Number of protein chains: 4
Amino acid sequence: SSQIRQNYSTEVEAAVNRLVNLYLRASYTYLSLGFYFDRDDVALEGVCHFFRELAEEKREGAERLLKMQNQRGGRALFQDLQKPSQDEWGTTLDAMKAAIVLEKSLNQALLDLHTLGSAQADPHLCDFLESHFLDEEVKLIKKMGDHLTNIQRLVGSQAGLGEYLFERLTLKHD
Amino acid sequence: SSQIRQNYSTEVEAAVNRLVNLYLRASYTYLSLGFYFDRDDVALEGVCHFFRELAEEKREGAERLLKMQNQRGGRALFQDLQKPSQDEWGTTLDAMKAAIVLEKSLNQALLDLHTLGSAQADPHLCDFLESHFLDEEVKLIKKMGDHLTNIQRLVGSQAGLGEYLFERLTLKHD
Amino acid sequence: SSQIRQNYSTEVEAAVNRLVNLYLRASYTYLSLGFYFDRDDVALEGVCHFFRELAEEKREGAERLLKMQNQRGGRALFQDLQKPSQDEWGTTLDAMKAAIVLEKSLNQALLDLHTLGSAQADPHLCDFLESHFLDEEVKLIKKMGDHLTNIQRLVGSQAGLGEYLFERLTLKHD
Amino acid sequence: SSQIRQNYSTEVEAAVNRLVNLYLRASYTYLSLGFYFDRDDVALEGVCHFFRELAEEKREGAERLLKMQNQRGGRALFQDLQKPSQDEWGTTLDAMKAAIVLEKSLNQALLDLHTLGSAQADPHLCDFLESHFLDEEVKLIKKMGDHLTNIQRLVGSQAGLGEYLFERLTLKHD
Ligand SMILES: [Cl-]
Ligand SMILES: [Cl-]
Ligand SMILES: [Cl-]
Ligand SMILES: [Cl-]
Ligand code: NA
Ligand code: NA
Ligand code: NA
Ligand code: NA
């Protein structure tokens with residue numbers, strides 16, 4: 001059982017398990033986005049790489065949460081991972097909009113857990129989120145917003161040209 | 001407008017713009033202090049360098065605030081920068097006293113913004129200040145207090161000798 | 001007071017202080033331009049970097065003037081720094097037009113100070129401006145004019161595409 | 001005679017020869033100052049080195065003038081070098097005062113030659129002085145003024161202590 005647990009509420013323990021589920025769901029969503037942009041009839045390598053890198057990032061955030069759960073003496077509990085919301089993700093613009101929606105949902109879940117931690121007087125939890133999650137999320141949302149603006153600027157009357165150019169000249173590819 | 005802004009109050013946005021103004025005013029004050037100590041009739045190179053380095057530090061703090069404003073989806077708004085409070089800054093002791101007064105005013109503005117952020121349940125803001133500003137300010141005020149004590153010890157009956165020695169043996173020069 | 005001052009008119013001393021104010025105002029204008037292009041709803045990194053680099057250049061020109069003021073035995077006097085003329089800067093084309101207007105105003109202030117120096121038979125002042133300011137300004141205005149022409153060529157019927165391409169393929173970014 | 005001389009007035013030629021004499025006189029004055037501070041009953045090594053370095057600098061300025069005279073097709077004419085104004089130079093403060101008097105006299109001779117060159121429409125002469133002499137002189141006078149202020153600050157009630165400290169902690173020695 002637990003010889004180490006101290007100042008770690010059941011409420012936080014459960015909310016940490018839920019947040020793990022959210023991050024793993026987000027990782028799965030990004031795996032799907034990545035492989036969609038690798039289709040031969042989509043073929044935007046930079047976009048594929050962007051989302052594959054995010055899949056890895058979100059899995060790593062879940063892993064950090066799970067490590068912390070054990071450091072505090074809580075017990076990891078895993079639930080089913082729901083499949084992503086779509087099977088096909090449309091244009092790069094559609095995809096980047098869906099991504100920022102997903103990130104704002106994760107960000108709100110971080111803020112909600114921070115609020116709970118604050119209410120439970122759990123400063124280690126609050127510090128953990130501040131130190132490893134909140135700014136990383138703000139930076140990522142800023143990046144996505146920058147991308148959305150550039151994608152939107154490029155639609156013009158020539159959407160295919162713009163989608164190609166964005167992939168070639170903004171996103172990282174081989 | 002804003003596709004990214006989340007949990008970022010208008011109150012904090014405005015107070016961040018005011019704090020930018022305060023840091024840029026402080027930078028300007030230190031530019032003036034630096035060039036005063038470079039006058040041929042003042043000629044304390046170490047003192048000049050101390051204050052020139054602080055001008056740069058304060059500008060860099062303003063720049064970090066402005067970067068954060070954009071990361072959060074707020075809008076930078078610039079106001080006039082008032083000129084420094086003095087044209088001539090007296091002795092090294094007078095200057096270092098004015099500097100610690102200025103730093104305590106910046107520190108209180110940091111604390112006030114932290115309080116606002118706390119009241120607005122904005123943990124990213126609170127973390128940002130804690131991580132990049134509050135300890136830097138405490139360390140700087142401690143340094144200035146150490147300097148004031150050594151300057152004061154050196155006045156004795158021989159103020160010019162003491163002011164020379166402090167500049168030569170404590171402050172960094174070529 | 002002054003044990004060093006020689007052949008340095010009160011008229012030049014005052015005009016040097018005014019020119020410092022102009023360069024610091026220009027630096028502030030460029031800080032504002034830079035952060036505007038870093039907004040998530042503007043998001044032109046190359047444009048942001050261009051103007052941030054100019055902010056630094058103009059501050060450095062002010063610092064050189066202030067160093068010279070002290071070398072000559074004049075007294076630096078600082079005035080309020082008025083806020084930039086706009087809070088939002090429009091398109092890259094609008095911004096680059098505003099920049100060349102600002103540079104031509106600085107250039108005329110340089111020429112005016114040169115004329116004063118000439119009239120005061122102050123060859124050190126005249127040399128100083130020729131050696132550190134006049135050609136730097138001519139080169140910068142030429143660069144801006146080259147940029148304006150390329151920006152203008154790119155508007156065509158597809159303004160967003162052109163603004164993206166200019167930022168990606170002419171301006172320096174990561 | 002002269003196959004090369006072009007746009008080089010007899011007035012400038014003669015004034016260049018006079019300026020050579022002035023620089024060589026100044027060099028001789030600094031040789032005397034240097035050896036005075038090397039006396040066993042004066043013994044301020046840093047002060048000795050300061051003035052010995054200036055002797056070399058002034059000789060080098062004379063040599064540059066003589067090189068230029070020949071480049072223009074004028075004829076070097078040498079006159080007697082009057083001995084320095086004093087045999088003993090008093091305190092470091094007395095010496096540094098005499099040095100700034102001497103430098104302001106050289107500086108005025110530079111400005112006077114510039115005026116003549118301007119009146120003779122001799123832009124190569126004017127450029128030569130601006131490029132190799134006027135700023136070097138301004139920088140040197142600023143340095144001397146900085147030194148005088150520090151020396152003066154150190155007199156206090158304890159002149160010998162202050163003169164030692166200045167030599168040890170400001171001036172370059174082994
Ligand atoms: Cl489902
Ligand atoms: Cl004011
Ligand atoms: Cl204004
Ligand atoms: Cl004689
Ligand atoms: Na909270
Ligand atoms: Na607080
Ligand atoms: Na002119
Ligand atoms: Na002249």
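Every chain is numbered from 1, with letters handed out A, B, ... down the list of sequences. All values below come from the heavy atoms of this structure, side chains included, with hydrogens, waters and symmetry mates left out.
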Do the side chains of [Y] and [X] get nearer than 4.5 Å, heavy atoms only?
X: C/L81; Y: B/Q82; value: no
X: C/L66; Y: B/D38; value: no
X: B/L77; Y: C/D87; value: yes
X: B/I4; Y: C/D41; value: no

Problem set entry | Point-to-point distance, once rounded to the nearest 0.5 Å, from CG of C/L31 to CZ of B/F78 |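 Those atoms lie 4.5 Å apart.
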Problem set entry | Segment of C/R5 engaging chain B (4.5 angstrom heavy-atom cut-off) |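 Contact with chain B: none, neither part.
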Problem set entry | Region of C/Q71 in contact with chain B, defined by heavy-atom distances below 4.5 Å |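 Answer is neither: C/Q71 stays 4.5 Å or more from chain B.
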Does any heavy atom of chain C fall under 4.5 Å from the side chain of [X], the backbone, both, or neither of them?
X: B/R25; answer: neither
X: B/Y36; answer: neither
X: B/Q69; answer: neither

For this session: Kindly say whether B/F35 contributes a backbone atom to a donor-acceptor pair with the side chain of C/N70 at under 3.5 angstrom?
Result: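 Present.
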Exercise. In terms of side-chain geometry, is the basic nitrogen of B/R75 or C/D40 positioned less than 4.0 Å from the acidic oxygen of its partner?
Worked result: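 Judged by the 4.0 Å cut-off on N to carboxylate O distance, B/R75 and C/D40 do form a salt bridge.
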Problem set entry | Heavy-atom pairs under 4.5 Å with chain C, option from B/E63, B/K83, B/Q79 with the top count |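 Between B/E63, B/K83, B/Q79, the count favours B/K83.
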